[PDB]
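K.L.:
Number of protein chains: 6
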Amino acid sequence: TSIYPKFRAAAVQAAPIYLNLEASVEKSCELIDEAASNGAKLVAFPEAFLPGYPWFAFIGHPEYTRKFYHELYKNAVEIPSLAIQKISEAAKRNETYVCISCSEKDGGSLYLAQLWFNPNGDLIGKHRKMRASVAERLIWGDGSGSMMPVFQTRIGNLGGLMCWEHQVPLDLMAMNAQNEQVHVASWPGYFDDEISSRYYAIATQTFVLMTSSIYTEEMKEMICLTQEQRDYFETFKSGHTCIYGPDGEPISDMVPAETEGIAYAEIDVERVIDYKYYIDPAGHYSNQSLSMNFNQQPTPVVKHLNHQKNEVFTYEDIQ
Amino acid sequence: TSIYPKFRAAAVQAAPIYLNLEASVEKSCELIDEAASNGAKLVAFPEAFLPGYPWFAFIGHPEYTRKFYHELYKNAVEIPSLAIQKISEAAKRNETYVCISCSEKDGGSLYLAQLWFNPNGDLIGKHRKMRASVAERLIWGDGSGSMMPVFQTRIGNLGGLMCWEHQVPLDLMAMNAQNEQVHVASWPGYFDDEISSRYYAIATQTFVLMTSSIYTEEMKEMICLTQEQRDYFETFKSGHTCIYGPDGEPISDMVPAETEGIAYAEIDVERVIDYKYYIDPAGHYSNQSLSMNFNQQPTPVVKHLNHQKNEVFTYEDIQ
Amino acid sequence: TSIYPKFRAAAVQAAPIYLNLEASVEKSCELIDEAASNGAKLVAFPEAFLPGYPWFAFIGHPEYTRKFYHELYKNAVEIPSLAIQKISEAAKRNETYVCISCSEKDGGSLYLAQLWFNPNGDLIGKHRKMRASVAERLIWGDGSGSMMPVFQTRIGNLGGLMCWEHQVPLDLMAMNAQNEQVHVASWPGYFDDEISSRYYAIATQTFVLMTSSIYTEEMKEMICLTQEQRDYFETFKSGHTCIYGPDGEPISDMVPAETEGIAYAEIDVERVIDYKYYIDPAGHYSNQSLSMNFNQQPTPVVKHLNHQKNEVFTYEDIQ
Amino acid sequence: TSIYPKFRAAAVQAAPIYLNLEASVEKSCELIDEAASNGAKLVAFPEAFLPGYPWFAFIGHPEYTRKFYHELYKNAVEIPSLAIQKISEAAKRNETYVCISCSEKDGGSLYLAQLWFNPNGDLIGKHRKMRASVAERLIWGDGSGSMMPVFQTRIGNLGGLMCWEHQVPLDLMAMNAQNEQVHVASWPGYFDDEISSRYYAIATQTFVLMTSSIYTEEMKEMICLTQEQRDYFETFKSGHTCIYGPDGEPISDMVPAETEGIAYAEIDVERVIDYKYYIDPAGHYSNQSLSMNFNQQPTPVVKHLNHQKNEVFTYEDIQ
Amino acid sequence: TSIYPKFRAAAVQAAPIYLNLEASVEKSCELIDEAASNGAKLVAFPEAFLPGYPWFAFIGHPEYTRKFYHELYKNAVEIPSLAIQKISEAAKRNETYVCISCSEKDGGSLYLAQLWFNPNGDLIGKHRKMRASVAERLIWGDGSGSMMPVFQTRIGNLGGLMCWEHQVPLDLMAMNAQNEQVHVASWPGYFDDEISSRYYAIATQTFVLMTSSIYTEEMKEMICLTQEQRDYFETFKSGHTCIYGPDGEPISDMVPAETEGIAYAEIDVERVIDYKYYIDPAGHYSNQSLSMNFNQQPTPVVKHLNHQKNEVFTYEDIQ
Amino acid sequence: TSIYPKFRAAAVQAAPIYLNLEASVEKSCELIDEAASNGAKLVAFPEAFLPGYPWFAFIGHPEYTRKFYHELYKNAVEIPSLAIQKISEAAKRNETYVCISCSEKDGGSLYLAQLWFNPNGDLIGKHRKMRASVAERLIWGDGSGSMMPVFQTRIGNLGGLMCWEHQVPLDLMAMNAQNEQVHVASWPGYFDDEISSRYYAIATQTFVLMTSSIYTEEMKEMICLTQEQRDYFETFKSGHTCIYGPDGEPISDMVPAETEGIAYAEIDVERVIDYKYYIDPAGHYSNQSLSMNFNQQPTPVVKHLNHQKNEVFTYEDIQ
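Residue numbers (this note's numbering), protein chains in the order written: chain A, 196 to 514; chain B, 196 to 514; chain C, 196 to 514; chain D, 196 to 514; chain E, 196 to 514; chain F, 196 to 514.
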């Protein structure tokens, strides 16, 4: 059954404790508590909030990036791990949906992921970024079609994309093919957020939670090792955090620039219908000459068949 | 292969409960019960019967139509849904074939479909209207060649078309090339339906069940806001419900104008042979200089390849 | 191949002589002359400029729309016609590439097409709007994948889309696949232009000439028969005419709203390289799990194979 | 159909004229002439020889890299282009097989390709690097499994991989599956070439022509703007040009470091049999538990179906 | 469907021209002509007839075996190859079924195969040895379950195994599970015991054609380099050639030992019925406790998905 | 959770008491004691250390090899056995991980295995060689993918491979998919080992303990029964023992050639993070067109279901 719920949604503008997974998880737990105590049933977090965006990749050569990549790698989120437990506990305690972006570790490599938690505390799914940006390509691997999920939840069809994924038409079509209704748009802060998120709202008929992070002083201390690097990183632009309706107009007030806050709006999923009337690129508003292939088969480099665990032959069993 | 059965047909003239899916489905079940108790093996319903034809799109401007499109979209039939279960149970209980028209919600779009149920109660197929007619283009998307089925059943080769689809020669040829024998011609009740249906009977050498809807006071009160709208919608002419032989001549009584009723006829599929003798455009009555391309491949905007479920991690599993 | 020229472009904000083909073509010739005299080597026009956007289709029911559709149909552009000749002659005389939008008549139907002319007056190609928006569906038919050109010219790779084609990701994908560099974004003047055109500039890494028309009093006096119609049409917001760089930022002045005027800019096609560095959805910035089927086969209803003419037996021979 | 010819191969150790495609192509012609005049029937070139390896990507931050990406983009090789014409003419004139590496411009994206020419002057194939290194992901997109060719030729089964592709086991197995016999290992001259090329020779039972480039002073002047950058770049270690037999031992003379020269070796393809006797990972030396999937289908973002051409209505026809 | 034909079989006792593919193929064609001209409709050849059995592998250390492996490899049978063409033409021109064993080359490694030809000259299938005997493991690789064919032909169900595959119970059960009726037991000599082939006949209820080779002096001069090797090899036993019925008793005459000749027998497939009465391990003579897994999936190391052909941009096209 | 521990590893260069399992196990215990007393928390051993590598298989024909295979078979390791007991006791007494290679007897067949013991003396796992080399095929059966373990321990992720498994790319991918960090490369001493182990280090981002054996007079006088055999066996080249870091550079002194000794190094598992940064073939450094199937299902020839224990009717009960 197609439901059309109403709910309050929270978009978070915050900075993590840079490259500190433990402190960042504590901060995000506090923020989920705050938003849910303010009535939110969905909390969205900026891009790579756990443990923080690799801003070092953009202000030095890759050898300089290696040293800080080491520390980021030591603070990536594994599944299962204590960070997942903490976010799950917060989601269950607050009875809210959570979208939290993180640096995920799978084997020997890092990926950028959005982790989704439901009010039961379940990790219902994740989305790895399809393709990394100019210097993010030094840090994170690419995603796959098997991890572009839309969840048919009790507060609408929920999905999300990260940063410049909103500027990739095929990602838009992959999300619009599954009838996404409420969208989480995670941004780091340096790249332009307004045009892309508003256009996504219009072209996918989605309420868009635009969440973006801020720059703190300790990050500048940690990664700016020279004065030239300090000034160059100072020139970086600020992001915005806001919520848009399916027409692209805002329905909440932008958080003040470079401060930490939360934006709140009343999502009324019944509004998406009025704009499905106008346009539905994956439906009526289409032409037979243009189609797309969405491959959702898992594509690990090594596919395990009949995986089995090792059984130890104990010291007592030997002697 | 090549069987010529005899059976009793039922063409229904009736109106639904306007933009109320549950009430309209109850009325459809009652009508199927009445038809099958009278001895029919096939029951046909007018165009867009579930939950009703969108007449609000012909007496106002598009922004006026948007408001009522909202209610219709909230009342469209989904596959699967409760409406499908009710109609399938009616078909199985009454052991009849059923062709019922409806607004079909696939994804975030609406389509106009004819649903077919066999006496076992299965949904054997659906036909989406190929091209929405004047002012229906604001409500429904276009169909595709993959959804123009002819069913080889125990009562003949059954098929259908909706309203002005009978005036598009390529649709006639698509039906003929599949060797259609018994045709359900659904009409909404406002467009001249006699000539097109009789011509279809002659040109495709099929028995034609013509079914139409009637207007009600509930519909008028709901969709008429001004008095000029009421007067303009009061001039709309009525439809007709009648059954024709493969010569285009009626084999049952036309149902009285603007009244609920059912037309019954004795269909002799063996009779179509004597008119295939005269003419068969898809067979012996062709010329090598003219030919048709019937592309029956699916035409979805997004092709889902290797659609596979992803695992979910529960709270207890994480804890 | 792979040149990067510098030239002057001109987006036009003007209204036609509503539903008047001759005066509209004369106005277009004058505007081309003016823009070319001001140094412009590319001139672009609003959507459906010749002879006018069917605003009547949005402020009344289909039967009222029919009367004005009659007069629009009588003033549609044909290829070949006198209008095509005059526009080609103006383009040749002023030695400018010209993109002009119009209602195009092909046999019995009408289509919405952008017509492209080069400095030699050659009608180098046309693009038909691939899908009508809301009430344009009562007026125009659909385009084909065979009418989505990108022209390799002396001033870069040119192309264009109309109105809500910019909100269809597959159209953006098809345009980006052809390495478009300078894009004409034609808008009618009632829908929301800024977000879409700017996002297109960013996502395709192209210069965008956003052109939009204005509302004239003669149009209102023609199509606002009653007072409710006049007041309802008076609430229609106007559009904007600007030019953007590949980063989505404006490189010219906004033409004043509801005023006739032209926006000029300097187009250095080299700037696109600095943004192909960042993102290129059809190239490096892709994921192998997603892909698009761009079908460019012509799709008329009836293919005229081995077309030939008739043997006119003149009167003199017979006697 | 199995042949084991004898011939003379030539590995080139040279630098291009940095970011100057014409001069680099001319130097390539000169080097092919010199190598062929000494009886060489195969000539192999360093990685990204046309127009030069993007060293700037490793000695600055991404925005500094963008400036030189502009110049590299303006100097990439298109297929067809003048550079391909001239290299084909040289390959024909000297009746030699040429493996030359370059930056390939395919639409709006750059790729790192190896181009193969035969003694007739045909462009017999093309290999795109499957993945990019720590840096250079900023510069080049990834390749596909449909561009890993092994050519059955008059001098054996030829193939190639660039730089760290020799450290990717599945690339080795993809080449081994096709019975590659003579291999070209292109290296830029900063990564450690010797171990990887020797292991490739042993594992695939092939002769390996290892070709590295050298650093010039014009390159340092071009890309080192500050003193710190110049000092950091001057620590980059050089590569080497060797030729190895199927056992991994060198069968030629190492070219002196940082010097322009060609290494010549006598290649007897029959020697591979004595090592297929020992080990054949793709054949007899395998376990059914470990297998590989090799997808050779094209993977373009947008594939064209029924591609057509846009006819033009010349000016002399319109009038 | 089930037939029990009567036909004449022929088992060949001969030796090839050692490690000489052309002469060995000519001799095999002559033997086929002789056998078919004597009325034989099935002609079986010894194990590894083409170009010869690697006896050198049994009379020296692996390095000594390497030298002759070189020659055997250069004379292995490919598919397609001239040897296949000649054997297919012989089978066609004689209208006989042919089971010839050879050293098949596939990629870079060698396999021991039986090749099957029908009276029309087709290559109906092939069987690769599942495991090489002691020193054969130096020369050949393992076969797979996908290459254990039984051919349902006009002379009954046909199959074959090679020396010591008749001593592997699972191979026997694999052949019994497919209802083999006429079997070819190919032996090279010096392993051949009558016991294995007679037991196979009894256990599978098949006729068994036992074909063995002989030793020539060319072989001894070529491989026995020293006197010690000459004596040790001269110790080697001689095989036997004859035909056995479903009870294991001979139904033909022994070919004299170490001389060239052909054994003939009349094969009446009906006789197998009288022994399926007694025992049928794969059918009634079984126990549910014991079962066999027969995996017939292909098991190559590299699976080529969507294999594509190489395209060349020819020289004239470049110019 | 992931850990990056620091420890000291020991690579052993030794020879066993040839074809004497009890004396060899004594020598292993002594070497474990010596190495662990020097701080080593891991001890690695040469290939086929217990009871010795079958050198006789390379200097004679298979019948000659049969006699010494008799003794090796009589001196093979079993699980459970006294040898396993002694090695577990040494590993526990010394609180060290131990990797020891041996000839494993399982049923009636011999295998080449690596046995892993933890500081508690538990036989944590076993790895059988996937494919025997040239003459080892006479001696040992093949392995399976169920026996390719990576052990998650307190001193990193441990794994091993034997001799030419390092030249099989799918073996490397199988180890890399399991995220190996410290690797034991046991070699026999006659096959080249430096290049293969260094490449494995680089291409798996692992510390590599390359252990090799030496030759003894007792071995030579036991297997070289002829002067020619002795002269041929004396030309065999010596292996080396060393420890490499994740970059392929040595991190210890090479043990002097043809002498007994142990190599020591400090292993900082955190160093692998600096090389996952720019290569990880099983993770980010991968292409979607090349994948691997890793089947870990147990593959015994006979699968025992519901294994039992036979009842015995003791003599007293019967009487």
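Don't be surprised by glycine CBs; every beta carbon is placed ideally from N, CA and C.
To the nearest whole angstrom, what separates the beta carbons of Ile279 (chain A) and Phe244 (chain A), a pair I think is in contact under 8 Å?
P.N.:
Actually they do not touch by this definition, with Cβ atoms about 14 Å apart.
K.L.:
Which one or two residues does DSSP pair with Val207 (chain B) in a beta bridge?
P.N.:
For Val207 (chain B), which the question treats as bridged, DSSP gives the partners B:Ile457.
K.L.:
Hey, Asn490 (chain C) and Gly340 (chain C) are a contact pair by Cβ (cut 8 Å); roughly how many whole angstroms apart?
P.N.:
5 Å
K.L.:
Which term fits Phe312 (chain E), buried or exposed, when burial requires 16 or more other beta carbons within 10 angstroms of its beta carbon?
P.N.:
buried
K.L.:
Mind listing the chain E neighbours of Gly255 (chain F)? Cutoff is C-beta to C-beta under 7 Å, in chain order.
P.N.:
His256
K.L.:
Count the other CB atoms, across all protein chains shown, that sit within 10 Å of the CB of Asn352 (chain F); report buried if there are 16 or more and exposed otherwise.
P.N.:
buried
K.L.:
Beta carbons nearer than 7 Å to chain C: which residues of the region 321-344 of chain B have them?
P.N.:
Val329, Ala330, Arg332 and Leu333
K.L.:
Mind pulling the chain A residues with CB within less than 8 Å of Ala308 (chain F)?
P.N.:
Within 8 Å Cβ-Cβ: nothing; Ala308 (chain F) doesn't reach chain A, min ~13 Å.
K.L.:
Throw me the rounded Cβ distance for the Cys419 (chain F) and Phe428 (chain F) pair, which I believe falls under 8 Å.
P.N.:
5 Å
K.L.:
Closest to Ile457 (chain A) by C-alpha separation, out of A:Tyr472, A:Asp426 and A:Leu404, would be which residue?
P.N.:
A:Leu404
K.L.:
Kindly list the residues whose CB is nearer than 7 Å to the CB of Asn289 (chain E), restricted to its own chain and excluding five residues on each side of it in sequence; keep chain order.
P.N.:
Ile227, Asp228 and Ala231
K.L.:
Should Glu242 (chain E) and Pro441 (chain E) be called a contact, given that it needs their Cβ atoms to be closer than 8 Å?
P.N.:
no
K.L.:
Can you give me the start and stop residues for the alpha helix (DSSP H) that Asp512 (chain C) sits inside?
P.N.:
Element bounds for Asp512 (chain C): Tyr510 to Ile513.
K.L.:
Identify which residue in A:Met343, A:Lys222 and A:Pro364 has its Cα closest to the Cα of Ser481 (chain C).
P.N.:
A:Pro364
K.L.:
Determine the direct distance from the alpha carbon of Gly320 (chain E) to that of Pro493 (chain E), and round the result to whole angstroms.
P.N.:
14 Å
K.L.:
What's the call for residue 137 (chain C), buried or exposed, on a 16-neighbour Cβ count within 10 Å?
P.N.:
Nothing about residue 137 (chain C) can be reported from this structure: the residues present for chain C run from 196 to 514 only.
K.L.:
Does the Cβ-Cβ distance between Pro275 (chain C) and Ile513 (chain D) come in under 8 Å?
P.N.:
yes
K.L.:
Using beta-carbon positions only, say whether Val464 (chain B) and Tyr199 (chain B) come within less than 8 Å of one another.
P.N.:
It is a contact, given that the beta carbons lie within the stated cut-off.
K.L.:
Check each residue of the region 467-484 of chain D: if its Cβ is closer than 8 Å to any Cβ of chain E, include it; give the result in chain order.
P.N.:
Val467, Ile468, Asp469, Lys471, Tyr472, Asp475, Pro476, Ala477, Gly478, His479, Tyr480, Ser481 and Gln483
K.L.:
How close, in whole Å, do the beta carbons of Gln373 (chain D) and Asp475 (chain D) come, if the pair is a contact with beta carbons under 8 Å?
P.N.:
In fact, because the Cβ distance is near 13 Å, the residues do not count as touching under 8 Å.
K.L.:
What residues in its chain sit with their C-beta under 7 Å from that of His435 (chain B), if we drop five residues either side in the sequence?
P.N.:
Excluding positions up to five away in sequence, the list reads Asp388, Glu389, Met405, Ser407 and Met449.
K.L.:
For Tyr470 (chain A), count the other beta carbons within 10 Å of its own beta carbon; 16 or more makes it buried, fewer makes it exposed. Which is it?
P.N.:
Result: buried.
K.L.:
DSSP puts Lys201 (chain B) in a beta bridge; with which residues?
P.N.:
B:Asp463
K.L.:
If contact is defined by three or more beta carbon pairs under 8 Å, each pair taking one atom from either stretch, is the region 219-226 of chain C in contact with the region 303-312 of chain C?
P.N.:
no
K.L.:
Between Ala209 (chain E) and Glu412 (chain E), what straight-line distance do the alpha-carbon atoms span, to the nearest angstrom?
P.N.:
Using only the alpha carbons, I get a separation of about 13 Å.
K.L.:
Is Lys504 (chain A) helix, strand or coil by DSSP?
P.N.:
coil
K.L.:
Comparing C-alpha positions only, which one of C:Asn233, C:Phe240 and C:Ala204 sits nearest to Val220 (chain C)?
P.N.:
C:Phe240
K.L.:
If distances are taken between C-alpha atoms only, which option among C:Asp317, C:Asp426, C:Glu360 and C:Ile468 comes closest to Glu506 (chain D)?
P.N.:
Nearest neighbour of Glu506 (chain D) by Cα position, chosen from C:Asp317, C:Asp426, C:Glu360 and C:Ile468, turns out to be C:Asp317.
K.L.:
Which two residues bound the contiguous alpha helix (DSSP H) that contains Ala369 (chain B)?
P.N.:
Start and end: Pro364 to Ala372.
K.L.:
With 8 Å as the threshold, decide whether the Cβ of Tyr427 (chain C) is near any Cβ in chain A.
P.N.:
With its beta carbon at least 8 Å from every one in chain A, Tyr427 (chain C) lies outside the interface.
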